[PDB]
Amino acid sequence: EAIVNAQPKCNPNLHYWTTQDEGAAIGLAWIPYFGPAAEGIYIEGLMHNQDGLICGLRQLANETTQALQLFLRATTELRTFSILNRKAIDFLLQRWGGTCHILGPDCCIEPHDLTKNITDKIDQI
């Protein structure tokens, strides 16, 4: 399903902040006693609207809210951290949750090299 930014305006540049699970710690800065405070753990980046991604991302986050709010209403967890790991499991289940019938449309097995390697095995005669 396509994404159409229907917002009054779009800031086409995303000046973002985030963290990294393993920065390049210099010396003892990785030790919590010596490391940065809560305010100094962030990295920054700047992404422009190539492929209309930024304006599409703003619209996607807007459209996601209804389903996300309905999900949070139905969970008893106070803080939800598992949405992404859940997507990864459903990703694997939708491809490998059942028997993989080679050449079927829902089986992500490419047997081309196997077939030729077996095909050219008869090329002795």
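Residue numbers run from 1 along the displayed sequence.
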Of the two stretches 23-31 and 53-61, which shows the higher Cα B-factor on average in the entry? 23-31
With reference to the PDB entry, specify whether the mean Cα temperature factor is higher for 110-118 or for 9-17. 110-118
For residue 46, the third of its chain by CA B-factor is the middle
Taking the entry's C-alpha B-factors for this chain, is residue 37 in the lowest, middle or highest third? highest
